[PDB]
Amino acid sequence: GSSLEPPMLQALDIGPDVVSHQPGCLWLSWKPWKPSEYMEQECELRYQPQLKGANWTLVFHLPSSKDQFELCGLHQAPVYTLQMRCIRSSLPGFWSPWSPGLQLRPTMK
């Protein structure tokens with residue numbers, strides 16, 4: 001949610017060498033809170049192709065905190081958008097509000 005120190009989600013430095021060489025791939029990364037304690041909740045990622053129209057696609061099996069998310073198969077819009085949502089492990093009841101992520105231009109092809 002939104003306590004003292006709020007969570008943040010951004011993309012990764014991709015474009016030039018992106019470390020290795022993939023056939024068009026992106027890289028994300030985010031972190032909720034976790035004050036050095038246990039707790040194994042769960043989180044999902046969201047990414048839609050920002051263009052004339054869009055249907056928004058989702059992702060699951062995501063770790064509360066990712067070190068270098070790796071997505072691939074993005075080709076349809078000129079710019080892509082990405083947000084983030086979270087919840088507990090198996091307690092479906094609120095899912096909190098969709099936190100705002102960011103928008104940028106991924107691989108060119």
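Definitions and cut-offs
Residues numbered from 1 in each chain as written, not as in the entry; some residues may be left out. Heavy atoms only, no water. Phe/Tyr/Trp six-rings, centres within 6.5 Å; stacked < 30°, edge-to-face > 60°. Helix = DSSP H or I, 4+ residues; strand = E, 2+ residues; numbered from the N terminus. Buried < 20%, exposed > 50% of the residue type's maximum accessible area, 1.4 Å probe, protein only. Disulfide = S-S within 2.5 Å. UniProt positions renumbered as here; feature names shortened; annotations may be inferred. Pairing = 2+ DSSP bridges. Axes fitted to C-alpha atoms, helices over the stretch in contact; angles between N-to-C directions.

Per the deposited record, the coordinates in this entry were obtained by solution NMR.

Peer 1: Looking at this model, I keep getting lost on the packing of aromatic side chains. Mind explaining?
Peer 2: Any pair of aromatic rings gets described here by the distance separating the centres and the angle formed by the planes. What the rule picks out here adds up to two aromatic pairs. Their ring planes at 40 degrees and their centres at 6.4 Å tell us that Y47 and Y80 sit as a pair that is tilted. Of the two residues, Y47 is situated in strand β3 (residues 42-50) and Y80 in strand β6 (residues 79-87); the sequence distance between them amounts to 33 residues. In terms of burial, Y47 and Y80 fall into one category: buried.

Peer 1: Explanation requested: the UniProt feature "disulfide bond" in the protein in the structure shown.
Peer 2: The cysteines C25 and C72 carry a UniProt disulfide annotation, and their SG atoms are 2.0 Å apart, under the 2.5 Å mark, so the bond is there. Placement of the pair is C25 in strand β2 (residues 25-31) and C72 in strand β5 (residues 66-72), with a sequence separation of 47 residues. The exposure class of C25 is buried, given its relative accessible area of 5%. Under the relative-accessibility criterion, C72 is labelled partly exposed at 37%. You can see the UniProt disulfide between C43 and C86 is made here, since their sulfurs are only 2.0 Å apart, below 2.5 Å. Here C43 is found in strand β3, whereas its partner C86 is found in strand β6, with 43 residues between them in sequence. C43 gets classed as buried once you look at its relative accessible area, which sits at 0%.

Peer 1: Teacher, can you tell me more about the sheet that holds strand β7 (residues 99-104) here?
Peer 2: Backbone-to-backbone hydrogen bonds pair the strands of a sheet. The strands run either parallel or antiparallel. Taken together, the four strands give an open sheet; going across it, the order is β4-β3-β6-β7, and neighbouring strands pair in antiparallel fashion. Both edges of this open sheet fall to β4 (57-62) and β7, since each of them pairs with a single strand only. When the angles between neighbouring strand axes are averaged without regard to direction, this sheet yields 20 degrees. Note that β3 and β6 share nine bridges and pair antiparallel. What sits directly across from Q50, in β6, is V79.

Peer 1: Help me understand the sheet that holds strand β1 (residues 8-11), please; the structure alone is not making it clear to me.
Peer 2: As summarised here, the arrangement of the three strands in space is β1-β2-β5, forming an open sheet in which the pairing is antiparallel. Each having just a single partner strand, β1 and β5 make up the two edges of the open sheet. Neighbouring strand axes in the sheet, compared pairwise and without regard to direction, differ in orientation by 25 degrees on average. One ladder, built from four bridges, connects β1 with β2; its direction is antiparallel. When the bridges of β2 are listed, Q10 appears paired with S29.

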